[PDB]
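Engineer: Below is a structure I'd like to ask you about.
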Protein chains: 2
Amino acid sequence: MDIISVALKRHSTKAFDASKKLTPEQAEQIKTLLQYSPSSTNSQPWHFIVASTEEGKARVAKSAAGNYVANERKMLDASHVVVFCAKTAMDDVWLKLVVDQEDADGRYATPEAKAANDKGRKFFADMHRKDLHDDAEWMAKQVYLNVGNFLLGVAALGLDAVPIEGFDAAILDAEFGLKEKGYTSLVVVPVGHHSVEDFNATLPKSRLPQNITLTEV
Amino acid sequence: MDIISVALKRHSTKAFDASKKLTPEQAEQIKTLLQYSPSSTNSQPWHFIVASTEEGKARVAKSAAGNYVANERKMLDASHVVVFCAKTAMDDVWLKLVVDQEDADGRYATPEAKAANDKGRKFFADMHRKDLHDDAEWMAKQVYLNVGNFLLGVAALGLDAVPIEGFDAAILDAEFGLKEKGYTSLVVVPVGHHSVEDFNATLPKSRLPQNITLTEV
Ligand SMILES: Cc1cc2nc3c(=O)[nH]c(=O)nc-3n(C[C@H](O)[C@H](O)[C@H](O)COP(=O)(O)O)c2cc1C
Ligand SMILES: Cc1cc2nc3c(=O)[nH]c(=O)nc-3n(C[C@H](O)[C@H](O)[C@H](O)COP(=O)(O)O)c2cc1C
């Protein structure tokens, strides 16, 4: 089926079949999607935790215990659980890693082109770090864009998923020592195959009409 | 084209062929993708401007005149230009439109299920607009998730696109009267077909290795 079929038919999975696992092929495919997301200035201001062990999933699921138990079971029963993390600050060392990797990949003909690109990336980075002091929000936005890309990609692979904001980020950060590493957890996405308990697999999709949300000019 | 091939072969178009237009089918398909993006609590806190006339695109392109000239040319040369807008405040009238639509689309068996889901959505909204005072940032994150969905989607339709943060949002908001309508422009995505001047169509994609960005547990 075409990508519009995928967009109309994917859903937020509310219950996962704990017997059904990604193939080793699908495990590699979902990591490719995470890696190859676009981002502003190719800043890639992100870390992914991909929990596939029973222990790893249980460690992520701690973030949902008590106040978010419906979300806790999705993290325990899915095959693979992705934690989307943003960097907590945009530093020149990260931007150097990115330009060096672009240089390794051969995107710069001359040291002058490499310098020009670094200069331009820094201009955008400084609008956030220095002028607006919103660089943490700007990086977080790029991570959400990756989630958007990710949810559509895993649906087109024929996999079930659910994006989760209902979790305790302080608990999840502490569990994986993310603050010390320069990251903060934003979104958790369990990936797998829905079970018969997934009420949402058969509910109609609901969106506002285009005559409310979309202007043509 | 499997979706991993789409993810690995899509690119940020640096120049559009102004003679190559979306087909009528494609023009409807890109609007479906905008509408059916997921969002936290199905909040859909967004407006889209789709500019396809010369006059409409020129009005968008004013936001990039002067200090973003490359971006200006992309907006003038693409077939269709999408302005992604966030709501500036999460109000109870928008939450009522959303739950009334979910009710009209058949997601609720009883008035009780509807009130229950309305109160659940209000708990989340209130965390942002009452506790954290970050509903503007929260809604802007949902719009960036829509953008991530959209860029992979249009690539799967065989269309070229580039996401643009390099514009003046104050000029664009003024040009369409967005502030008074309760919205702000976040990202501009020209859609169409790349030209011969698109140097980025023949460069390999560059991303940080998984051994930096990705921990398996
Ligand atoms: C939020 C966002 C804003 C962007 N803004 C611009 C822009 O103003 N101009 C531009 O030429 N490219 C822009 N890009 C494209 C990025 O530089 C590009 O996504 C990144 O280098 C990765 O390359 P790819 O998209 O070709 O995979 C933007 C990308 C994102 C995700
Ligand atoms: C950013 C984000 C966070 C979400 N958090 C949760 C969550 O904590 N629990 C949950 O069951 N669903 C969650 N969802 C799923 C949304 O309710 C869902 O995307 C929305 O109702 C649209 O329905 P669909 O995803 O089935 O198309 C989240 C979705 C988004 C986009």
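Chains: A, B, ... in order of the structure tokens. Residues: from 1 per chain. Ligands: from 1, in order shown.
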Show me, as a ChimeraX atom specification, the residues that have an atom within 7 Å of residue 163 in chain A when counting only C-alpha atoms, minus same-chain residues fewer than 2 positions from it.
Structural biologist: /A:161,165,187-189
Engineer: Extract, using only C-alpha atoms, all DNA, RNA and protein residues at most 6 Å from range 47-63 of chain B, discarding same-chain residues fewer than 3 positions from it, and format them as a list in words.
Structural biologist: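 Non-adjacent residues within range: residues 213, 214, 215, 216 and 217 of chain A; 72, 75, 76, 80, 81, 82, 83, 84, 85, 167, 168, 171 and 172 of chain B.
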Engineer: Let's have the selection written as an mmCIF file, in the first residue's frame, with N, CA, C and O atoms.
Structural biologist:
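Listing of out_33.cif after writing:
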```cif
data_model
loop_
_atom_site.group_PDB
_atom_site.id
_atom_site.type_symbol
_atom_site.label_atom_id
_atom_site.label_comp_id
_atom_site.auth_asym_id
_atom_site.auth_seq_id
_atom_site.Cartn_x
_atom_site.Cartn_y
_atom_site.Cartn_z
ATOM 1 N N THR A 213 -7.959 23.926 9.398
ATOM 2 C CA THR A 213 -6.501 23.914 9.710
ATOM 3 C C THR A 213 -5.637 24.369 8.532
ATOM 4 O O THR A 213 -4.470 24.567 8.731
ATOM 5 N N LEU A 214 -6.166 24.418 7.323
ATOM 6 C CA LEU A 214 -5.343 24.592 6.108
ATOM 7 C C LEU A 214 -5.925 25.702 5.232
ATOM 8 O O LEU A 214 -7.087 25.606 4.769
ATOM 9 N N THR A 215 -5.117 26.715 4.985
ATOM 10 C CA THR A 215 -5.415 27.806 4.031
ATOM 11 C C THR A 215 -4.637 27.592 2.732
ATOM 12 O O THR A 215 -3.398 27.399 2.807
ATOM 13 N N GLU A 216 -5.313 27.727 1.588
ATOM 14 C CA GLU A 216 -4.685 27.694 0.250
ATOM 15 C C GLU A 216 -4.570 29.129 -0.266
ATOM 16 O O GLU A 216 -5.564 29.818 -0.174
ATOM 17 N N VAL A 217 -3.389 29.570 -0.729
ATOM 18 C CA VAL A 217 -3.150 30.929 -1.332
ATOM 19 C C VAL A 217 -2.370 30.851 -2.673
ATOM 20 O O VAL A 217 -1.752 29.799 -2.976
ATOM 21 N N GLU B 72 14.843 32.339 -0.082
ATOM 22 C CA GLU B 72 13.853 33.109 -0.858
ATOM 23 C C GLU B 72 13.650 32.424 -2.219
ATOM 24 O O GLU B 72 12.498 32.153 -2.573
ATOM 25 N N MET B 75 11.654 29.172 -2.129
ATOM 26 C CA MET B 75 10.213 29.450 -1.901
ATOM 27 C C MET B 75 9.553 29.962 -3.186
ATOM 28 O O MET B 75 8.376 29.653 -3.422
ATOM 29 N N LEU B 76 10.269 30.736 -3.991
ATOM 30 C CA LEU B 76 9.705 31.252 -5.266
ATOM 31 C C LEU B 76 9.696 30.148 -6.332
ATOM 32 O O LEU B 76 8.769 30.189 -7.178
ATOM 33 N N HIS B 80 4.796 24.028 -4.631
ATOM 34 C CA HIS B 80 3.904 24.247 -3.467
ATOM 35 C C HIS B 80 4.777 24.560 -2.254
ATOM 36 O O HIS B 80 5.754 23.804 -1.997
ATOM 37 N N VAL B 81 4.443 25.605 -1.518
ATOM 38 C CA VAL B 81 5.196 25.994 -0.309
ATOM 39 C C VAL B 81 4.271 25.867 0.910
ATOM 40 O O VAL B 81 3.313 26.599 0.961
ATOM 41 N N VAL B 82 4.623 25.008 1.879
ATOM 42 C CA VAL B 82 3.833 24.825 3.132
ATOM 43 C C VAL B 82 4.456 25.635 4.264
ATOM 44 O O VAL B 82 5.660 25.418 4.555
ATOM 45 N N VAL B 83 3.669 26.526 4.855
ATOM 46 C CA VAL B 83 4.016 27.182 6.137
ATOM 47 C C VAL B 83 3.347 26.390 7.252
ATOM 48 O O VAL B 83 2.071 26.351 7.314
ATOM 49 N N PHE B 84 4.178 25.770 8.093
ATOM 50 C CA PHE B 84 3.725 25.096 9.328
ATOM 51 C C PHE B 84 3.652 26.143 10.440
ATOM 52 O O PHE B 84 4.678 26.789 10.731
ATOM 53 N N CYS B 85 2.468 26.279 11.044
ATOM 54 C CA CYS B 85 2.147 27.222 12.138
ATOM 55 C C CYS B 85 1.705 26.434 13.379
ATOM 56 O O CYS B 85 0.943 25.459 13.244
ATOM 57 N N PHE B 167 14.043 31.972 7.861
ATOM 58 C CA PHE B 167 13.093 33.026 7.437
ATOM 59 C C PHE B 167 12.786 33.914 8.639
ATOM 60 O O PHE B 167 13.025 33.550 9.802
ATOM 61 N N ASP B 168 12.225 35.071 8.348
ATOM 62 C CA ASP B 168 11.778 36.006 9.404
ATOM 63 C C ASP B 168 10.305 35.711 9.750
ATOM 64 O O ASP B 168 9.431 36.058 8.969
ATOM 65 N N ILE B 171 7.838 38.775 9.975
ATOM 66 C CA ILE B 171 7.363 39.223 8.638
ATOM 67 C C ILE B 171 6.307 38.246 8.160
ATOM 68 O O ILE B 171 5.266 38.682 7.694
ATOM 69 N N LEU B 172 6.569 36.942 8.239
ATOM 70 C CA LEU B 172 5.601 35.956 7.690
ATOM 71 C C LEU B 172 4.292 36.028 8.481
ATOM 72 O O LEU B 172 3.220 35.996 7.849
#
```
Engineer: Select from range 71-208 of chain B everything DSSP, run on the backbone, classes as alpha helix (DSSP H), then give the selection as a ChimeraX atom specification.
Structural biologist: /B:71-77,92-104,111-126,135-156,169-176,178-181
Engineer: Counting only C-alpha atoms and all ligand atoms, which residues of chain B sit at most 8 Å from some atom of ligand 1, and what is each one's closest atom pair with its distance in Å to one decimal, listed by chain and rising residue number, as JSON lines?
Structural biologist:
```
{"residue": "B:8", "atom": "CA", "partner": "ligand 1", "partner_atom_place_in_ligand_line": "27 (O)", "distance": 8.0}
{"residue": "B:10", "atom": "CA", "partner": "ligand 1", "partner_atom_place_in_ligand_line": "27 (O)", "distance": 6.5}
{"residue": "B:11", "atom": "CA", "partner": "ligand 1", "partner_atom_place_in_ligand_line": "26 (O)", "distance": 3.4}
{"residue": "B:12", "atom": "CA", "partner": "ligand 1", "partner_atom_place_in_ligand_line": "26 (O)", "distance": 3.9}
{"residue": "B:13", "atom": "CA", "partner": "ligand 1", "partner_atom_place_in_ligand_line": "26 (O)", "distance": 7.2}
{"residue": "B:14", "atom": "CA", "partner": "ligand 1", "partner_atom_place_in_ligand_line": "11 (O)", "distance": 5.8}
{"residue": "B:68", "atom": "CA", "partner": "ligand 1", "partner_atom_place_in_ligand_line": "8 (O)", "distance": 7.9}
{"residue": "B:70", "atom": "CA", "partner": "ligand 1", "partner_atom_place_in_ligand_line": "11 (O)", "distance": 7.3}
{"residue": "B:71", "atom": "CA", "partner": "ligand 1", "partner_atom_place_in_ligand_line": "9 (N)", "distance": 5.9}
{"residue": "B:144", "atom": "CA", "partner": "ligand 1", "partner_atom_place_in_ligand_line": "1 (C)", "distance": 7.3}
{"residue": "B:148", "atom": "CA", "partner": "ligand 1", "partner_atom_place_in_ligand_line": "31 (C)", "distance": 7.7}
{"residue": "B:162", "atom": "CA", "partner": "ligand 1", "partner_atom_place_in_ligand_line": "15 (C)", "distance": 5.9}
{"residue": "B:163", "atom": "CA", "partner": "ligand 1", "partner_atom_place_in_ligand_line": "28 (C)", "distance": 4.5}
{"residue": "B:164", "atom": "CA", "partner": "ligand 1", "partner_atom_place_in_ligand_line": "5 (N)", "distance": 3.4}
{"residue": "B:165", "atom": "CA", "partner": "ligand 1", "partner_atom_place_in_ligand_line": "5 (N)", "distance": 4.1}
{"residue": "B:166", "atom": "CA", "partner": "ligand 1", "partner_atom_place_in_ligand_line": "8 (O)", "distance": 3.6}
{"residue": "B:167", "atom": "CA", "partner": "ligand 1", "partner_atom_place_in_ligand_line": "8 (O)", "distance": 6.8}
{"residue": "B:187", "atom": "CA", "partner": "ligand 1", "partner_atom_place_in_ligand_line": "1 (C)", "distance": 6.6}
{"residue": "B:200", "atom": "CA", "partner": "ligand 1", "partner_atom_place_in_ligand_line": "26 (O)", "distance": 7.0}
{"residue": "B:205", "atom": "CA", "partner": "ligand 1", "partner_atom_place_in_ligand_line": "27 (O)", "distance": 5.9}
{"residue": "B:206", "atom": "CA", "partner": "ligand 1", "partner_atom_place_in_ligand_line": "23 (O)", "distance": 7.2}
{"residue": "B:207", "atom": "CA", "partner": "ligand 1", "partner_atom_place_in_ligand_line": "22 (C)", "distance": 8.0}
```
Engineer: Include N, CA, C and O atoms and write out the residues we just selected as a CSV table (one decimal), in the first residue's frame.
Structural biologist:
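To be explicit, this is the file written out as part.csv:
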```
chain,number,residue,atom,x,y,z
B,8,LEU,N,17.0,7.0,2.9
B,8,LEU,CA,18.4,7.1,2.6
B,8,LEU,C,18.6,7.9,1.3
B,8,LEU,O,19.7,8.3,1.0
B,10,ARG,N,16.3,10.4,0.1
B,10,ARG,CA,15.7,11.8,0.2
B,10,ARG,C,16.8,12.8,0.6
B,10,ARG,O,17.8,12.4,1.2
B,11,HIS,N,16.6,14.1,0.3
B,11,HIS,CA,17.7,15.1,0.6
B,11,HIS,C,16.9,16.4,0.7
B,11,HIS,O,15.8,16.5,0.2
B,12,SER,N,17.6,17.4,1.4
B,12,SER,CA,17.1,18.8,1.4
B,12,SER,C,17.5,19.5,0.0
B,12,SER,O,18.6,19.7,-0.3
B,13,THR,N,16.5,19.7,-0.8
B,13,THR,CA,16.6,20.3,-2.1
B,13,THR,C,17.2,21.7,-2.0
B,13,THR,O,16.5,22.5,-1.2
B,14,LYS,N,18.2,22.1,-2.6
B,14,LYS,CA,18.8,23.5,-2.5
B,14,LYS,C,18.3,24.3,-3.7
B,14,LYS,O,18.5,25.5,-3.6
B,68,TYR,N,17.9,36.1,3.9
B,68,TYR,CA,17.8,34.7,3.6
B,68,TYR,C,17.5,34.4,2.1
B,68,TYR,O,16.5,33.8,1.8
B,70,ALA,N,19.0,32.6,-0.5
B,70,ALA,CA,18.9,31.2,-1.0
B,70,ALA,C,17.6,30.7,-0.7
B,70,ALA,O,16.9,30.0,-1.6
B,71,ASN,N,17.1,30.9,0.5
B,71,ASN,CA,15.8,30.4,1.0
B,71,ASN,C,14.7,31.1,0.2
B,71,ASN,O,13.7,30.4,-0.1
B,144,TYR,N,6.6,20.4,14.8
B,144,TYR,CA,7.9,19.8,14.3
B,144,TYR,C,7.7,18.3,14.0
B,144,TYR,O,8.3,17.8,13.1
B,148,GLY,N,8.4,16.3,10.5
B,148,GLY,CA,9.2,15.1,10.3
B,148,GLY,C,8.4,14.1,9.5
B,148,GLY,O,8.9,13.5,8.5
B,162,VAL,N,12.5,20.8,1.0
B,162,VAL,CA,13.5,21.2,2.0
B,162,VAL,C,12.7,21.9,3.2
B,162,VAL,O,11.9,22.8,3.0
B,163,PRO,N,13.1,21.5,4.4
B,163,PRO,CA,12.6,22.2,5.6
B,163,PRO,C,13.4,23.5,5.8
B,163,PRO,O,14.7,23.5,5.6
B,164,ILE,N,12.7,24.6,6.1
B,164,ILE,CA,13.4,26.0,6.2
B,164,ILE,C,13.0,26.6,7.5
B,164,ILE,O,11.8,26.9,7.8
B,165,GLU,N,14.0,26.8,8.4
B,165,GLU,CA,14.0,27.7,9.6
B,165,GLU,C,14.6,29.1,9.3
B,165,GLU,O,14.4,30.0,10.0
B,166,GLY,N,15.3,29.2,8.2
B,166,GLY,CA,16.0,30.5,7.7
B,166,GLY,C,15.0,31.4,7.1
B,166,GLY,O,15.1,31.6,5.8
B,167,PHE,N,14.0,32.0,7.9
B,167,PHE,CA,13.1,33.0,7.4
B,167,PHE,C,12.8,33.9,8.6
B,167,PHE,O,13.0,33.6,9.8
B,187,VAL,N,8.1,26.7,10.5
B,187,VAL,CA,8.9,26.0,9.4
B,187,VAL,C,8.2,26.3,8.1
B,187,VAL,O,7.0,26.1,8.0
B,200,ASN,N,23.0,19.5,-3.9
B,200,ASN,CA,22.7,18.6,-2.8
B,200,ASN,C,22.2,17.3,-3.3
B,200,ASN,O,22.2,16.2,-2.6
B,205,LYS,N,24.6,11.5,1.8
B,205,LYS,CA,24.0,11.9,3.1
B,205,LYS,C,25.1,11.8,4.1
B,205,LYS,O,25.9,10.9,4.1
B,206,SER,N,25.1,12.7,5.1
B,206,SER,CA,26.1,12.6,6.2
B,206,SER,C,25.4,12.6,7.6
B,206,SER,O,24.7,13.5,7.9
B,207,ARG,N,25.7,11.5,8.3
B,207,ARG,CA,25.2,11.4,9.7
B,207,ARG,C,26.3,10.9,10.6
B,207,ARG,O,27.1,10.2,10.1
```
Engineer: Could you pull the residues within 9 Å of residue 21 in chain A, counting only C-alpha atoms, minus those fewer than 6 positions along the same chain, as a list in words?
Structural biologist: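 The filter keeps residues 78, 79, 80, 192 and 193 of chain A.
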Engineer: Quick one: write out the picked residues with N, CA and C atoms as an mmCIF file, in the first residue's frame?
Structural biologist:
```
data_model
loop_
_atom_site.group_PDB
_atom_site.id
_atom_site.type_symbol
_atom_site.label_atom_id
_atom_site.label_comp_id
_atom_site.auth_asym_id
_atom_site.auth_seq_id
_atom_site.Cartn_x
_atom_site.Cartn_y
_atom_site.Cartn_z
ATOM 1 N N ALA A 78 6.295 -4.305 24.391
ATOM 2 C CA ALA A 78 6.777 -4.070 23.019
ATOM 3 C C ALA A 78 8.112 -4.795 22.815
ATOM 4 N N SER A 79 8.457 -5.089 21.564
ATOM 5 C CA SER A 79 9.749 -5.733 21.210
ATOM 6 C C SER A 79 10.923 -4.796 21.510
ATOM 7 N N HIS A 80 10.881 -3.566 21.004
ATOM 8 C CA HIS A 80 12.004 -2.610 21.120
ATOM 9 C C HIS A 80 11.437 -1.294 21.647
ATOM 10 N N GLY A 192 6.663 -2.722 17.991
ATOM 11 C CA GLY A 192 6.390 -4.165 17.988
ATOM 12 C C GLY A 192 5.176 -4.489 17.152
ATOM 13 N N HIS A 193 4.324 -5.389 17.647
ATOM 14 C CA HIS A 193 3.062 -5.823 17.010
ATOM 15 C C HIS A 193 1.970 -5.750 18.072
#
```
Engineer: If you count only C-alpha atoms, which residues fall within 10 Å of residue 46 in chain A, apart from same-chain ones fewer than 2 positions away, as a PyMOL selection string?
Structural biologist: (chain A and resi 34-35+39+43-44+48+84-88+139-140+142-143+146+182-185) or (chain B and resi 212-214)
Engineer: Can you write out the residues you just picked, keeping N, CA, C and O atoms, as a compact mmCIF listing (two decimals), in the first residue's frame?
Structural biologist:
```
# COMPACT_ATOMS: atom_id res chain seq x y z
N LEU A 34 16.34 6.23 12.81
CA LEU A 34 16.72 7.18 13.87
C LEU A 34 17.90 8.01 13.36
O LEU A 34 17.92 9.22 13.57
N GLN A 35 18.88 7.34 12.75
CA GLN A 35 20.17 7.97 12.41
C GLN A 35 19.95 9.00 11.30
O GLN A 35 20.57 10.09 11.35
N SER A 39 17.61 17.31 10.34
CA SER A 39 17.61 18.21 11.51
C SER A 39 18.15 19.55 11.03
O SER A 39 18.93 19.57 10.04
N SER A 43 22.43 19.35 12.64
CA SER A 43 22.95 19.47 14.03
C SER A 43 22.82 18.14 14.78
O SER A 43 23.57 17.94 15.74
N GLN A 44 21.85 17.29 14.41
CA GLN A 44 21.71 15.92 14.95
C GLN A 44 21.82 15.96 16.48
O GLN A 44 22.64 15.26 17.05
N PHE A 48 19.78 8.28 21.21
CA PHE A 48 18.71 7.26 21.26
C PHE A 48 19.16 6.15 22.20
O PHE A 48 20.27 5.63 22.02
N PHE A 84 13.95 8.80 22.82
CA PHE A 84 14.45 9.97 22.09
C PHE A 84 14.92 10.97 23.14
O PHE A 84 14.07 11.40 23.95
N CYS A 85 16.21 11.32 23.09
CA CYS A 85 16.86 12.32 23.96
C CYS A 85 17.38 13.51 23.14
O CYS A 85 17.93 13.31 22.05
N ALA A 86 17.25 14.72 23.68
CA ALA A 86 17.91 15.92 23.15
C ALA A 86 19.18 16.21 23.98
O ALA A 86 19.18 15.93 25.23
N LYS A 87 20.19 16.78 23.35
CA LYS A 87 21.28 17.48 24.08
C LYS A 87 20.65 18.59 24.93
O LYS A 87 19.63 19.19 24.54
N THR A 88 21.24 18.83 26.09
CA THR A 88 20.80 19.89 27.04
C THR A 88 21.45 21.23 26.68
O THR A 88 20.85 22.22 27.10
N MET A 139 16.82 22.36 19.95
CA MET A 139 17.30 20.97 19.83
C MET A 139 16.13 20.00 20.04
O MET A 139 16.00 19.01 19.24
N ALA A 140 15.28 20.27 21.03
CA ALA A 140 14.14 19.41 21.40
C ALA A 140 13.20 19.31 20.19
O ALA A 140 12.72 18.21 19.89
N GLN A 142 14.06 19.51 17.03
CA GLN A 142 14.70 18.64 16.00
C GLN A 142 14.44 17.19 16.40
O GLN A 142 14.22 16.36 15.50
N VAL A 143 14.46 16.90 17.71
CA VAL A 143 14.21 15.52 18.21
C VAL A 143 12.75 15.14 17.91
O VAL A 143 12.51 14.04 17.47
N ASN A 146 12.42 14.12 14.37
CA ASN A 146 12.93 12.73 14.22
C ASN A 146 11.82 11.76 14.61
O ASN A 146 11.56 10.83 13.89
N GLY A 182 25.02 14.79 29.10
CA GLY A 182 24.61 15.98 28.34
C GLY A 182 23.28 15.80 27.60
O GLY A 182 23.06 16.55 26.63
N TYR A 183 22.39 14.91 28.07
CA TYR A 183 21.10 14.60 27.39
C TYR A 183 19.95 14.60 28.37
O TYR A 183 20.17 14.57 29.58
N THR A 184 18.74 14.70 27.82
CA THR A 184 17.47 14.63 28.55
C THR A 184 16.47 13.89 27.65
O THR A 184 16.45 14.14 26.43
N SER A 185 15.75 12.95 28.23
CA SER A 185 14.72 12.12 27.55
C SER A 185 13.49 12.98 27.24
O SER A 185 13.10 13.78 28.10
N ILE B 212 28.18 6.72 18.23
CA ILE B 212 28.12 7.99 19.02
C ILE B 212 26.69 8.23 19.53
O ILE B 212 26.54 8.51 20.74
N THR B 213 25.68 8.10 18.67
CA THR B 213 24.31 8.61 18.97
C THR B 213 23.42 7.54 19.60
O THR B 213 22.32 7.91 20.04
N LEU B 214 23.79 6.27 19.60
CA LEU B 214 22.79 5.20 19.85
C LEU B 214 23.37 4.18 20.82
O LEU B 214 24.43 3.61 20.53
```
Engineer: Between B:138, B:113, B:74, B:131, single out the one closest to ligand 2, counting only C-alpha atoms and all ligand atoms.
Structural biologist: B:138
